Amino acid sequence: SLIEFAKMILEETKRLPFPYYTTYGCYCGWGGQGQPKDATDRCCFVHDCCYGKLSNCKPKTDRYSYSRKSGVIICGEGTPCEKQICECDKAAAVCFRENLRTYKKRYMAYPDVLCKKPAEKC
């Protein structure tokens, strides 16, 4: 679901999902358009496309389980749906972790207006 993704975000970025990544740029937010701002903002783009590939599943609601080995998310527990959703969340979270340097705090609460131009094909 989005809960495990949130916990993943906290575990990988050491920053809470809100407000750091739920109101960011043009895609890191409930429904996004336009081109993505920075590298972090694009991670959410890839996350959406990833979710979009899983039409056979319910990425936002279907809860899953995940564990760690050498400090890396495994997420290999249940259904292929859950597995792939977990995979998307893992990719997005790691992408957040790898772009802490590029991360701009000014892009928090980046308005839907000035977010131009709608949109970008996956």
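Heads up: residue numbers just count along the shown sequence, starting at 1.
- Of the two segments examined, 49-57 and 73-81, it is 73-81 that shows the higher average Cα temperature factor in the deposited entry.
- In this entry, 33-41 has the higher mean Cα B-factor, the comparison being between 87-95 and 33-41.
- For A119, the recorded CA temperature factor ranks within the highest third of the chain's modelled residues.
- Compared with the other modelled residues of the chain, the Cα B-factor recorded for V113 ranks in the highest third.
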